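The residues making up each chain are set out below.
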There are 2 protein chains.
Amino acid sequence: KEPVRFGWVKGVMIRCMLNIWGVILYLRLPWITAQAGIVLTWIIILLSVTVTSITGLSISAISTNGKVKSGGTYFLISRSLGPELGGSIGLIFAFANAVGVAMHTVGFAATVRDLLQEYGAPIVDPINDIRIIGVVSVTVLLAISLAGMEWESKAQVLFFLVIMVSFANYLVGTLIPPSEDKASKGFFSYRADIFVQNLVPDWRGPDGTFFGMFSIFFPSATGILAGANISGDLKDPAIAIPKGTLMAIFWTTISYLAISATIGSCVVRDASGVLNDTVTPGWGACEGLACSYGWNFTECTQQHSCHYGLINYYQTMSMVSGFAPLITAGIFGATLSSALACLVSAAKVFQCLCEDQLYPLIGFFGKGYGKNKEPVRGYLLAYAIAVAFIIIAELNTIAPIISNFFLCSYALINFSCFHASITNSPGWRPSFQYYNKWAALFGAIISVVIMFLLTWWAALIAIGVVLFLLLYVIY
Amino acid sequence: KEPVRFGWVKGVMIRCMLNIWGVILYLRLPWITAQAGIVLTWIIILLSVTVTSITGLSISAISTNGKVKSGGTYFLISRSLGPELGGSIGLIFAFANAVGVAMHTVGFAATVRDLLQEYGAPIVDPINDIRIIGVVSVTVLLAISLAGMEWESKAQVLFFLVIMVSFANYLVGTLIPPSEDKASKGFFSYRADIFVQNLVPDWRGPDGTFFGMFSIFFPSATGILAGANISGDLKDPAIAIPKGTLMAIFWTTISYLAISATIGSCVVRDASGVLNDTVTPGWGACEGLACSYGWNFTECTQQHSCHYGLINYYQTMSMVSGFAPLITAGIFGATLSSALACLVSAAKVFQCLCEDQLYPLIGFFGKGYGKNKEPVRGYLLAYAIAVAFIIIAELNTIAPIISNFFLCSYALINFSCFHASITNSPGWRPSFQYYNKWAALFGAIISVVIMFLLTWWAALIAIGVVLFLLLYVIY
Ligand SMILES: CN1[C@@H](CSCC(F)(F)F)Nc2cc(Cl)c(S(N)(=O)=O)cc2S1(=O)=O
Ligand SMILES: CN1[C@@H](CSCC(F)(F)F)Nc2cc(Cl)c(S(N)(=O)=O)cc2S1(=O)=O
Ligand code: NA
Ligand code: NA
């Protein structure tokens, strides 16, 4: 029986777009669009998708150089800078993936717990919900993954249709004239005054600065390596990976631009929330843009003490939409698909590191054969780390370290491309047309600069871990 | 004719103590002792002189391994981690020395300009005073250095006696009962109440925190390599360098502890300055410690608006002293001696890098023979950089970069000692008794941690410069 192989749409493009898409799309992008305005948010997005376009070009060059197995992303790092950065970066990559599984299952569990506690169902413990639900969910994802690749592919296609149905729901909701409830919370239909009033920044709070918004958005634009991790299950990786990866980046960026632009021209940044604030005839004068529409939000602006509008309410996108539960369905499909992509990615890197003869550090892990064409001893190792970090259940302080474990790989992939091309290395002869040494060098430099600019002590911890592994292997 | 050779007192100990001693001894240590109290200042000092004791032990181990020439400090880095970190760290070291010459000549020129502008107006303009005086002074130092080693040694001994005369002046001044003028500014003789009241911190201002005081004091404790840079002009380096370097560190630390402890038990932290604040009979009550001595400084504490006392006035040490001009003479001898040590150090590293066959980057600099047993083409290269940075004349923003250029050398010296000892390197067999691998490893780690903890972007710039040199040499 032949194995199962996938095309460039269902194998590379869908997976990459599903891993890039998360919950910043639903719960933070409308707030970033309010703090920083439309134009400066577009600058944020287009600056973030340059570091990932350059790395996508390096990946597309690596893919058109020969046949690699699934999870051999670090083979170029190994054969260009020695096999002790190969295995060390491989292990760091495959550990960051298995922690991202936990950090997404926790995000799904929190949404389910919040949805549950409103409907009734007296829960057990207000924080053991996020543990029981997380463990059950990660076990169901493990079963799906361990039942084969076809079932994982079908689950991913299901998630893709759910996300698109949420998008169409939102886009239909924005074209429907406001009702009393939505106009009382800020949503007015497409208006020209709101587009102009909302192009320029309005920073508020202790975190509202351009660096803060870059810190919120940038880590949620990466994920472009989900289709290159399974480069051994595709029908022709040398054509499937460049096209799929680059169109994934392109269409994800178009969605990010369209959502911010259309949300920024419909909802004002301050609104009261109660229907008893329509304009009174004879009430002297009122200050504010919405006064021309029949609503009076002066008390908010005077006191800074209300909870609705584009800048104060994190769930504006659910309010604008025609029917609200489809946005929650979109959130489910956005978190579970990223968790599934990370679980499949961390398994095929562990399974390659366990079979790597030149990096024998963890080659001892396998006892049973598991000869069913599945990385069983790489699925169980990722499941253990995911469950261990789901038990802890509060991961907002471990996040910078894990997020720098991923930029340590971007920097070394780009620098290995540059180093092998300038040195005329014996066997590195890519054929991708749009690849250049100096773009790769720029990507390698800018990834380290961003690593330290985000949080310097987390970068020091990441580099210390990589160095400890590298030096424990040399000695 | 034989060359001139020096003993361990006039060759290693005096030079190291004169390079460690600067102006923090005179103008900032009494202020650090006031912000942080006596005990926490002692902790500052003893934490700073651990990173330098460990590096002194590594240096003393390198020195008892064989005969090195003058300026071959980076030879162990070259033969343990390859000759492209050897030359790169050597060049960075010898450039930081030549910029330290400028940063000390500017400090001397500022003192001379301030002393001049008070006595009359024989000044061009502070702006260009600090340039004309700086250039003339650095040229006089260049002449002294270029006239031989004996004259430089005599100048250093002169500076040492001037500093000791300043110390004895201050110590005699603190034992003399206060007069009206000194008591009106805060100086009371050795009192027991003041010792107790002034042991615990009192942080004020936007910079008054333990990290801030570490940042002020730590860079002014290094300079321990001034006697190992001329290890080719000593009578027996293998005995002279360990003993001289370690006793230099010991006696400098004893002076740092004694000055802070004795200044902290004589002067209160707030005092008005005018003689019209003695205690009035019938003036109700007064708040403050000095009220028991006959002085009334309540208005300061109420308004925070006076300019004298240990915490507000930077020149307390000149006020306490019996005769004040000897403190200014001590400041001259402290800045000019450090500038002279840095000028001799940067010349003998440039001259070794110009004659280094395995690092040919700047081996082209020499045209004339200059066969007079002096590094003429290393003196002129250091003179050029010193003059170039004295013309700029405002160097408070370049300081962190230059100060991290010096911790990049500490880290690599310590790590090269550890790496050569664990690897059983063929030819690294030191005989210094008090040397251990793990102390060197700790020093190498803590130097990088301190590099980034002081200022992270300056550390990134320093590491980027080192990497650019290292990679330009490989390609
Ligand atoms: C959304 N993710 C961010 C990390 S932000 C959350 C944090 F982990 F930082 F806490 N970066 C990447 C990068 C890659 Cl390359 C891959 S993947 N599957 O290609 O290997 C997956 C991810 S992610 O899904 O974890
Ligand atoms: C007081 N100095 C501080 C630097 S603080 C001022 C700054 F440069 F940072 F701006 N560190 C060192 C270290 C060494 Cl090792 C040597 S030396 N002569 O042994 O090579 C000289 C010096 S220093 O005299 O420049
Ligand atoms: Na997703
Ligand atoms: Na000095």
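How each quantity is defined
Residues numbered from 1 in each chain as written, not as in the entry; some residues may be left out. Chains lettered and ligands numbered in written order. Heavy atoms only, no water. Disulfide = S-S within 2.5 Å. Buried < 20%, exposed > 50% of the residue type's maximum accessible area, 1.4 Å probe, protein only. Donors = N, O, S within 2.8 Å, 3.2 Å for Na, K, Ca; no water. Helix = DSSP H or I, 4+ residues; strand = E, 2+ residues; numbered from the N terminus. Near = heavy atom within 4 Å. Polar contact = N/O pair within 3.5 Å; in protein donor to acceptor, adjacent residues only side chain to side chain. Areas by Shrake-Rupley, 256 points an atom, 1.4 Å probe, with all protein chains shown as cover. Least-squares fit on C-alpha atoms. Contact = heavy atoms within 4.5 Å. Buried area = accessible area lost by both parts, 1.4 Å probe. Salt bridge = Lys/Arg side-chain N within 4 Å of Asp/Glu carboxyl O. Nonpolar A, V, L, I, M, F, W, Y, C, P; charged D, E, K, R; others polar. Patch = residues over 30% accessible without salt bridge, like charges linked within 9 Å, V, L, I, M, F, W, Y side chains within 5 Å. Expected span 1.5 Å × (residues − 1). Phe/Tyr/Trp six-rings, centres within 6.5 Å; stacked < 30°, edge-to-face > 60°. UniProt positions renumbered as here; feature names shortened; annotations may be inferred.

With the PDB entry as reference, chain A is termed Solute carrier family 12 member 2,Solute carrier family 12 member 3 chimera, source organism Danio rerio.

J.: Residues and numbers for the state of the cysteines, please.
T.: Tallying each qualifying case throughout the model produces 4 disulfides over all chains. What pairs with A:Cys286 in a disulfide is A:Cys291, and their sulfur atoms sit 2.0 Å apart. On the basis of relative accessibility, which here comes to 17%, the residue A:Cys291 falls in the buried class. Covalent S-S linkage joins A:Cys300 and A:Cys306, the inter-sulfur distance amounting to 2.0 Å. Taking the torsion about the sulfur-sulfur bond, which here is approximately 130 degrees, the covalent link between A:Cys300 and A:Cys306 counts as right-handed. The exposure class assigned to A:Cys300 is buried, which follows from its relative accessible area of 9%. On the accessibility criterion, A:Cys306 (16% relative accessible area) is buried. Each bonded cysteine in chain A gets a number by its place in the sequence, and the pairs come out as 1-2, 3-4. Free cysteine: B:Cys352, not disulfide-bonded; nearest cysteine sulfur from B:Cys354 at 9.3 Å.

J.: Residue-level account of the coordination of the sodium ion (ligand 4), with values.
T.: Residue and element names in this part refer to chain B. Bound to the sodium ion (ligand 4) on the protein side are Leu18 (O), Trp21 (O), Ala334 (O), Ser337 (OG) and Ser338 (OG), at distances that span 2.3 to 3.0 Å. In primary-sequence terms, the residues that donate to the sodium ion (ligand 4) follow L-x2-W-x312-A-x2-S-S. Taken together, the residues span a long stretch of sequence, with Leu18 in helix 1 (residues 9-20) and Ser337 in helix 15 (residues 325-354) at a distance of 319 residues. The same class applies to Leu18 and to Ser337, which are both buried.

J.: Can you break down the site of ligand 1 residue by residue, with the values?
T.: Residue and element names in this part refer to chain A. Around ligand 1, the structure places 17 residues, and the nearest of them are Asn19, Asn97, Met103, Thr222 and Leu225. Within the side chain of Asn19, a nitrogen or oxygen atom sits 3.0 Å from an oxygen atom of ligand 1. Contacts to ligand 1 include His104, whose side-chain N or O atom sits 3.5 Å from an oxygen atom. Notes on ligand 1: free accessible area 550 Å², of which the protein chains cover 91%.

J.: I'd love a proper account of the relation of the copies chain A and chain B, names of residues and values included.
T.: Of the two same-sequence chains, chain A is brought onto chain B (RMSD 0.3 Å, axial shift 0.0 Å) by a rotation of 179 degrees. Each copy turns onto its partner about a two-fold axis. Taking C-alpha positions as reference, the residue of chain A nearest the rotation axis is A:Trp456, located at 3.6 Å. A share of 100% of the interface residues of chain A reappears at the interface of chain B, consistent with the copies meeting face to face through the same patch.

J.: Account for the environment of A:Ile59, naming residues and giving values.
T.: All names here are of chain A. Checked against the element boundaries, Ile59 lands in helix 4 (residues 37-63). On the accessibility criterion, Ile59 (7% relative accessible area) is buried. Residues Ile59 and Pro242, spaced 183 residues apart in sequence, show a C-alpha to C-alpha distance of 7.7 Å. When neighbours within four sequence positions are excluded, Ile59 is seen to be in contact with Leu225, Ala228, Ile241 and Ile413.

J.: Got a sec to walk through the interface of chain A and chain B? Specific residues and values, please.
T.: Contact residues are listed per partner, giving 11 residues for chain A and 11 residues for chain B. Buried area between chain A and chain B, both sides added, is near 930 Å², and the carbon and sulfur share of it is 84%. Looking only at chain A, the three residues that lose the most surface to chain B are A:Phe452, A:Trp456 and A:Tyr475, adding up to 54% of its buried area. The tally of links between chain A and chain B comes to 0 salt bridges. On the surface where chain A and chain B come into contact, there are 2 residue pairs in polar contact. If you list the elements that add at least two residues to the side of chain A that touches chain B, you get helix 17 (399-422), helix 18 (437-454) and helix 19 (456-474) of chain A. Among the elements that line the side of chain A that touches chain B, the one with the most residues is helix 17 of chain A, at 4 residues. Residue composition of the side of chain A that touches chain B, grouped by class: 9 nonpolar, 2 polar and no charged.

J.: Run through a nonpolar patch on the surface, naming residues and quoting values.
T.: All names here are of chain A. On the surface, a cluster of nonpolar side chains totalling about 320 Å² of accessible area is made up of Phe211, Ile445, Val449 and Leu453. Broken down by element, the nonpolar patch gets its largest block of residues, 3 residues, from helix 18. Judged by its relative accessible area of 36%, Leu453 falls in the partly exposed class.

J.: Residues and numbers for helix 16 (residues 376-392) of chain A, please.
T.: Residue and element names in this part refer to chain A. The end-to-end C-alpha distance of helix 16, which contains 17 residues, comes to 25 Å, matching closely the 24 Å that a straight helix rising 1.5 Å per residue would cover. Those residues of helix 16 that sit buried are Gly378, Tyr379, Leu381, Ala382, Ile385, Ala386, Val387, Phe389 and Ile390. Count one or two residues on from helix 16 and you reach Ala393, which has phi positive near 70 degrees.

J.: Please give an account of the coordination of the sodium ion (ligand 3) that cites residues and values.
T.: Residues and elements named next belong to chain A. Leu18 (O), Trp21 (O), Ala334 (O), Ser337 (OG) and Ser338 (OG) make up the full set of protein donors to the sodium ion (ligand 3), lying at 2.3 to 3.0 Å. For the sodium ion (ligand 3), all donor residues lie on one chain, and their spacing in sequence is L-x2-W-x312-A-x2-S-S. Of the two residues, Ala334 and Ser337 both sit in helix 15 (residues 325-354), 3 residues apart, roughly one turn of that helix. A single burial state applies to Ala334 and to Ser337, both of which are buried.

J.: Mind laying out the site of ligand 2, listing which residues take part and the relevant values?
T.: All names here are of chain B. Near ligand 2 lie 16 residues; those nearest to it are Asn19, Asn97, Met103, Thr222 and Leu225. Separating an oxygen atom of ligand 2 from a side-chain N or O atom of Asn97 is a distance of 3.2 Å. Isolated, ligand 2 exposes 540 Å² of accessible area, and the fraction of that covered by the protein chains is 91%. Of all elements in the fold, only helix 6 (83-119), helix 15 and helix 17 (399-422) reach the threshold of two or more residues within the shell around ligand 2. Looking at the shell around ligand 2 residue by residue, the classes come out as 9 nonpolar, 7 polar and no charged.

J.: How would you explain the packing of aromatic side chains if you had to name every residue and give the values?
T.: All names here are of chain A. Tallying each qualifying case throughout the model produces 39 aromatic pairs over all chains. Taking the centre distance of 6.0 Å and the plane angle of 50 degrees together, the rings of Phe415 and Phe418 count as tilted. One end of the pair is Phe415 and the other is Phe418, both in helix 17 and 3 residues apart, which spans about a single turn. Under the relative-accessibility criterion, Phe415 is labelled buried at 18%.

J.: Summarise unusual backbone geometry; cite the residues concerned and give the values.
T.: All names here are of chain A. Positive phi values are uncommon outside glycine, yet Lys373 reaches one of about 60 degrees. Tracing the chain through its elements places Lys373 in the loop between helix 15 and helix 16. Non-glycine residue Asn424 carries a positive phi angle of around 55 degrees. Inspection of the secondary structure puts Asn424 in the loop between helix 17 and helix 18. Exposure remark for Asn424: the relative accessible area of 66% places this residue in the exposed category.

J.: Summarise the UniProt feature "disulfide bond" in chain A; cite the residues concerned and give the values.
T.: Sulfur atoms bridged by a disulfide sit less than 2.5 Å apart; for A:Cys286 and A:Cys291, annotated as such a bridge in UniProt, the distance of 2.0 Å is consistent with the bond. The disulfide annotated by UniProt between A:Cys300 and A:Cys306 is present in this model, the sulfur-sulfur separation being 2.0 Å.

J.: Tell me about the pattern of salt bridges, and please be specific about residues and values.
T.: Residue and element names in this part refer to chain A. Under the defined criterion, the tally for this structure stands at 16 salt bridges over all chains. Between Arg204 and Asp202 there is a salt bridge; the shortest N-O distance is 2.7 Å. Taking relative accessible area as the criterion, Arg204 reaches 30% and is therefore assigned partly exposed.

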